[PDB]
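These notes concern the structure reproduced below.
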Amino acid sequence: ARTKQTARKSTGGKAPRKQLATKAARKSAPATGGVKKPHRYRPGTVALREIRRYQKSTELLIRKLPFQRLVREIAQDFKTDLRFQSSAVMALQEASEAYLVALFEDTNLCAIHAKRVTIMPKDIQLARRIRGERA
Amino acid sequence: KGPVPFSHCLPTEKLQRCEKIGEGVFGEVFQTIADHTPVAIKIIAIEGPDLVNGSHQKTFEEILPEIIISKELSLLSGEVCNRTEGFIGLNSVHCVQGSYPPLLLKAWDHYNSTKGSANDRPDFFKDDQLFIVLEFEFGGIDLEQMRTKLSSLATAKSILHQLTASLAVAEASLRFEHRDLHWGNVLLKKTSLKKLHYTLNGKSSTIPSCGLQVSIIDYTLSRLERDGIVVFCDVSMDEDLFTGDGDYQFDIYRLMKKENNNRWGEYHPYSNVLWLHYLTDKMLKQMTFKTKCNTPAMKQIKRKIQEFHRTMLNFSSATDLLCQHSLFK
Amino acid sequence: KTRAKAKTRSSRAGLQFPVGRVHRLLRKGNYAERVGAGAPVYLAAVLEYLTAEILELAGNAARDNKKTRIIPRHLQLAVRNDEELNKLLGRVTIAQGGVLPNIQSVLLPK
Amino acid sequence: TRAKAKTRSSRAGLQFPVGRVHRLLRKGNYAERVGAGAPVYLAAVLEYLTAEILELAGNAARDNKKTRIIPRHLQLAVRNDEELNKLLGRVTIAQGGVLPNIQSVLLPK
Amino acid sequence: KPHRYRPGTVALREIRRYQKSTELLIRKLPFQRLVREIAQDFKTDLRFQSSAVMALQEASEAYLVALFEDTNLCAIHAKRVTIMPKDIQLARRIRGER
Amino acid sequence: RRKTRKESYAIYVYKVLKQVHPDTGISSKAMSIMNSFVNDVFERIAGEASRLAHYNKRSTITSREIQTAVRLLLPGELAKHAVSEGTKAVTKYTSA
Amino acid sequence: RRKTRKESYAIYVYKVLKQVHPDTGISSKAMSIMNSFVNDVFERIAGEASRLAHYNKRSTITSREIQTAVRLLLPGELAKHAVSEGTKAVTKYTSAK
Amino acid sequence: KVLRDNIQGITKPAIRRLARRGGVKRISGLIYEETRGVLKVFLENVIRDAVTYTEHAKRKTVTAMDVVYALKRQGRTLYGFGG
Amino acid sequence: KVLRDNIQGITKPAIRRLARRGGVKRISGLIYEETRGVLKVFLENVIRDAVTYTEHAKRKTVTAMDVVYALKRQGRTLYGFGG
DNA sequence: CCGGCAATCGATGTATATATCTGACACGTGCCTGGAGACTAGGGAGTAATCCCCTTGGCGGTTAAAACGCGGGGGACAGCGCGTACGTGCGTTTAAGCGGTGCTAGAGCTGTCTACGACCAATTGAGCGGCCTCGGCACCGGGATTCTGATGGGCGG
DNA sequence: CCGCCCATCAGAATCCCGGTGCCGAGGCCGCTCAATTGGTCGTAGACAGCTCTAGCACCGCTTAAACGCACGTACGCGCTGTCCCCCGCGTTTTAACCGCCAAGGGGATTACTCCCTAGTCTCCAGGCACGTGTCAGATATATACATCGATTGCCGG
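Residue numbers (the deposited numbering), protein chains in the order written: chain E, 1 to 135; chain K, 470 to 798; chain C, 9 to 118; chain G, 10 to 118; chain A, 37 to 134; chain H, 26 to 121; chain D, 26 to 122; chain F, 20 to 102; chain B, 20 to 102.
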């Protein structure tokens with residue numbers, strides 16, 4: 001703001017000399033693909049990577065708008081022309097997520113007990129029956 | 470007297486304590502401590518045959534109006550009909566003969582090393598070169614460097630109110646047009662006073678301070694009138710000023726020229742109004758604030774500033790805007 | 009005359025939690041017709057002890073992660089890794105807590 | 010000349026005591042005050058539930074060629090009805106037994 | 037040739053027989069001795085009423101019968117007809133109790 | 026020296042039983058069971074009503090609290106019939 | 026000051042935290058969680074004590090009821106420390122009254 | 020304005036993510052419908068209790084406090100939402 | 020009069036009878052030790068709570084009301100023995 | 001000319017019919033304590049008016065996630081064979097159960113009387129609600145480093 | 001002649017810095033009202049004494065259940081083969097998310113009645129403890145009757 005605009009003589013590339021003078025190039029592996037072989041991880045590896053990834057974070061795993069629409073649709077059965085605060089829907093979502101995660105843990109234990117690796121509906125049924133939720 | 474040596478005006482104690490603060494077409498700006506007070510020194514090379522920094526040297530009979538308006542705006546802080554401390558006071562202005570001492574040369578070298586400069590090295594001047602030195606109070610840091618340092622919108626409102634009050638007082642008292650309020654030209658200083666007092670035509674009022682005090686500088690292209698005589702510089706022949714682009718500030722000169730039909734000698738206070746516009750534009754676009762706008766009261770005042778920005782173009786002068794617009798009521 | 013200044017009951021008991029407020033809450037909660045003069049002190053001491061225990065464990069967990077503020081993840085980690093506190097809050101859900109990293113041995117690659 | 014007293018159960022047309030329930034509500038540390046219509050409601054609800062259970066148990070007892078109800082019949086009545094079984098889901102009845110039930114795979118071929 | 041039943045007949049007869057009566061299946065004196073020995077650790081020189089021991093026995097037997105039903109369900113889930121300790125452990129783990 | 030009297034619900038349970046099945050008796054253990062049942066249900070409903078009253082910053086227990094607690098505690102059916110019985114009893118009482 | 030005032034346990038929790046870990050902070054969500062925890066435990070202990078007093082045909086709540094409720098509610102190795110702390114506090118209060 | 024068929028908005032990848040957080044490696048092809056059904060049952064119970072609480076207070080808006088009270092009544096306490 | 024080695028009084032036929040009422044057809048040989056352990060743990064918990072109630076009441080005899088209160092506290096309400 | 005399917009034939013355990021004998025259940029009586037009638041004082045709850053915050057609904061841009069198709073590797077599931085652990089039954093040993101006899105520790109009740117908790121009036125300082133600043137924490141981007149999985153090339157009894 | 005090991009290669013995962021954007025501590029005022037201080041006063045419970053119920057200990061005799069051993073077969077477990085069906089990866093299509101903006105519905109606060117509940121005194125009827133018979137259920141004996149396991153007896157490829 002000297003009353004006129006010029007080029008960039010005011011600053012002698014201060015930001016570059018302070019940082020990224022020439023370091024702004026390439027990083028990590030530079031060569032990728034370029035092979036006839038179709039690079040592929042064997043089945044079961046990315047599954048374990050996802051297991052390790054999602055057991056470390058804390059954020060919600062369901063899109064908010066579909067859940068809110070479902071909640072309103074369910075609630076309209078008991079009374080018409082209802083209203084909600086935001087924190088009410090947030091609390092409902094948190095409780096639902098926690099319940100489902102615990103149920104899946106129990107289901108996995110039941111599946112392993114039968115000498116398998118895949119979970120089937122019968123495992124969910126047995127878990128809910130023993131838990132006392134279903135008679 | 471006259472072109473006294475630099476040593477008389479700059480003792481070795483002040484010479485060693487000079488810190489480079491700025492550069493420009495006019496010259497150089499340093500900071501030192503004198504009389505147990507931080508003071509700024511502006512140094513300009515005058516009455517020379519050489520060309521420096523892309524322009525020829527400036528004479529004395531055109532720099533006289535600059536010092537005249539500077540002393541007028543400094544002394545208006547003592548008048549009883551209209552009082553305001555929005556300007557900088559005059560300490561001393563004097564003439565020097567000699568060359569540039571190496572201390573300020575190495576200070577300039579350090580300034581280039583840290584920040585960089587847009588001019589040349591001032592080491593070509595001999596003994597016979599003539600210089601002018603102006604002494605001013607310390608004002609603080611420019612708004613440009615304080616962009617990520619403002620607190621919230623309340624500080625913004627206080628700054629705008631102070632600027633408007635100062636400009637209104639100037640117009641009402643001395644019919645002033647300064648016409649170069651770019652955001653690198655206002656200064657912010659920390660203060661402890663809770664309120665600021667201003668007098669216009671005998672009526673006094675107070676403004677919240679919010680922990681800051683604003684000031685204006687660099688009156689090199691200003692216009693004023695006194696007792697039927699006008700002081701200004703005619704700049705109607707250099708169009709490079711109006712060739713700018715890349716910012717609406719570059720367009721404000723063209724818009725003002727359109728408003729006044731390329732006649733600089735006329736008094737049109739409305740020009741200053743659009744200058745506020747540009748600052749307000751900056752205050753809404755190029756600032757980062759520490760505090761979010763979660764408070765409803767701050768939402769209300771933000772809406773107030775938005776409406777002020779979108780509707781203040783319809784007012785006549787600074788006084789009308791101050792005494793009519795709902796923002797300050 | 010002079011009533012000899014004042015002194016909160018927390019100061020005489022050496023606690024940090026309020027004693028008067030606990031008394032007022034016990035009186036207005038419909039627990040019994042009359043309330044003794046020593047019950048609020050006991051209750052305040054117990055609550056302060058439990059708070060200090062949980063906070064210390066959470067702070068250790070937060071420091072381990074190289075952060076200087078406690079967030080709900082650290083509270084969940086502190087609670088679930090201590091047997092006694094885990095048994096105390098056995099039917100409680102903490103928002104934004106997550107789970108404990110744990111994978112069965114059968115599912116691991118050979 | 011006080012009029013001859015008329016108990017509150019008679020006015021409500023019930024079989025359960027209303028004054029006793031009022032006293033129990035008052036001297037129980039539930040609230041500061043107790044309204045005049047609460048005991049009637051509570052007594053009616055309790056009588057209804059008792060009548061339901063008793064009728065089912067008496068049917069079960071008659072099915073066994075008896076004329077007196079014992080805990081076995083109460084268990085048979087409670088465990089064979091969905092709503093009562095849901096209500097008393099965490100309750101043990103002494104000397105009740107269990108319901109006859111064998112998994113189908115265990116049966117001989 | 038002496039008469040002999042095939043393995044499984046008498047088991048089904050006993051299943052039908054014990055699901056129709058409503059008695060206690062544990063002898064009383066050993067249970068009383070066990071209760072006193074267990075309580076010996078918390079306080080010395082205690083006395084019990086008769087109804088206290090009776091209530092304890094009733095609750096214990098109800099608990100054991102329910103646990104055995106859950107164990108049978110778990111064992112059948114894995115294509116077996118014999119119950120093994122792993123079934124008890126899985127049932128207790130899922131039910132919530134340690 | 027006197028033996029303190031103890032109160033129970035046997036009289037009313039016997040009255041209701043003679044009302045429903047007019048030719049059926051009962052034993053002592055069954056009477057104890059029904060006594061415990063009535064006590065348990067009373068405690069559940071009263072506690073829920075008290076909590077409901079405290080939630081809204083009110084100082085009295087009315088029939089609205091009892092009705093809401095009944096609707097909250099009882100399963101799907103057994104909740105309409107109980108509500109109808111209570112409303113009928115209250116209206117009959119207040120009419121007389 | 027227009028809104029009616031609301032009370033919480035934030036100040037005392039912050040004092041305890043700054044006493045245990047002198048150079049650590051806390052966020053608002055953690056503050057809410059701590060507040061809920063304190064209220065829940067208070068409610069549990071008070072309800073147990075009231076039931077104990079009612080069982081014994083008393084009409085007053087004393088420190089014996091609180092002590093027995095603490096023994097009944099908390100698991101082992103947590104009951105003992107809480108009992109010790111409460112006894113110390115009561116003795117100090119009584120002596121200096 | 021009547022909503023219809025919104026349970027289909029609980030996608031398949033979302034169920035997969037929940038299972039992954041649970042620690043599951045292989046998922047069959049008939050699990051998604053079961054998950055949708057059990058979620059519907061859970062939500063029905065909780066929302067019915069919350070709406071009862073809201074109605075009693077002669078109010079027309081469901082707040083977080085009703086949800087917290089209903090969850091506590093079912094036996095699943097929740098910390099952190101105005102508890 | 021110290022008592023020792025009484026868990027062996029829960030004989031094998033008694034466990035067989037309980038299993039038969041449970042609906043079990045075939046049994047292993049290692050089940051009895053597990054059953055004895057779980058029974059011991061259950062009894063320990065209940066008796067500890069009952070004795071705490073008795074000690075608060077300032078008595079030396081354990082009554083049926085203490086057992087009933089302990090069972091109700093643990094969430095296993097029992098009907099029939101008073102209360 | 002057998003491997004089968006049905007039809008007997010014997011033996012064992014459970015359900016059913018009739019006669020005697022008891023103790024637990026169904027009433028009758030007397031008494032006293034807890035509920036009903038009658039009346040007053042005051043404060044909690046209902047109703048109207050008003051303010052303003054938060055919930056619903058709309059529009060446009062972008063882009064991250066959901067939907068779809070296909071090849072193929074690894075797991076679910078059936079069939080088979082073998083060995084031993086568990087069920088059924090008999091002869092012998094042990095301790096539970098029942099019926100009395102005797103002792104006293106401790107639960108349960110009553111009467112006296114003091115000390116601790118409720119209630120009130122005057123005084124005052126803790127704690128919460130508005131407005132405001134600001135130092136550093138968390139976050140992102142890039143670049144480098146590491147670590148791990150999937151591969152071919154080999155010596156050998 | 002079946003291999004079972006090692007050295008390379010590429011792709012995620014994790015570290016190091018530099019710049020940005022906001023949050024969580026605090027500072028002030030201003031009240032509001034709830035906690036502290038100093039009294040009086042009525043009753044809950046601590047304490048001491050007494051009565052008598054029921055819990056504990058021991059002994060003798062019967063009979064049913066627990067225990068040990070022999071024998072055989074059906075169930076559990078390991079191994080092989082086959083085929084379907086989920087996983088990993090690239091391409092195309094849908095709608096969630098972000099930012100901003102009006103409109104007004106319903107929750108929250110203030111003031112004013114006024115009817116409903118607690119509290120007190122008097123009186124008598126409902127409900128509890130105690131004592132007697134008689135009859136529903138328990139016990140004993142005999143008698144079918146349904147079902148399990150082995151043997152006979154022909155029978156079509």
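All C-beta atoms in this analysis are idealised placements derived from N, C-alpha and C, irrespective of residue type, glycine included.
Using the beta-carbon count (16 or more within 10 Å), is residue i buried or exposed?
i: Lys31 (chain B); result: exposed
i: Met706 (chain K); result: exposed
i: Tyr717 (chain K); result: exposed
i: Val35 (chain E); result: exposed
i: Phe67 (chain E); result: buried
i: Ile537 (chain K); result: exposed
i: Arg39 (chain F); result: buried
i: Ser561 (chain K); result: exposed
i: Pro117 (chain C); result: exposed
i: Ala135 (chain E); result: exposed
Going by the DSSP bridge assignment, what does residue i pair with across the sheet?
i: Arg695 (chain K); result: K:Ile698
i: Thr788 (chain K); result: Beta-bridge pairing links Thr788 (chain K) to no other residue.
i: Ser561 (chain K); result: K:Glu604
i: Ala509 (chain K); result: K:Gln500 and K:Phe605
Identify whether residue i lies in helix, strand or coil by the three-state DSSP scheme.
i: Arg26 (chain E); result: coil
i: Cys110 (chain E); result: helix
i: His31 (chain C); result: helix
i: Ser53 (chain D); result: helix
i: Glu53 (chain B); result: helix
i: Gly491 (chain K); result: strand
i: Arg36 (chain B); result: helix
i: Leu520 (chain K); result: strand
Rounded to a whole number of angstroms, what is the C-alpha to C-alpha distance between residue i and residue j?
i: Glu541 (chain K); j: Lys9 (chain E); result: 35 Å
i: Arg49 (chain E); j: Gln55 (chain E); result: 10 Å
i: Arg779 (chain K); j: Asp750 (chain K); result: 10 Å
i: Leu65 (chain E); j: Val71 (chain E); result: 10 Å
i: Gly41 (chain F); j: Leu60 (chain E); result: 14 Å
i: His794 (chain K); j: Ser627 (chain K); result: 15 Å
i: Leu545 (chain K); j: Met56 (chain D); result: 56 Å
Fill in: 3-residue-minimum beta strand (DSSP E) runs that sit fully inside the region 77 to 112 of chain D, ordered along the chain
none
Item to complete: Could I get the ranges of all uninterrupted beta strand (DSSP E) runs contained in the region 579 to 644 of chain K, with 3 residues as the minimum, in chain order?
Response: 599 to 606
Practice prompt. Note down, one range per segment and in chain order, each alpha helix (DSSP H) of at least 4 residues found wholly within the region 85 to 129 of chain A.
Written response: 86 to 113
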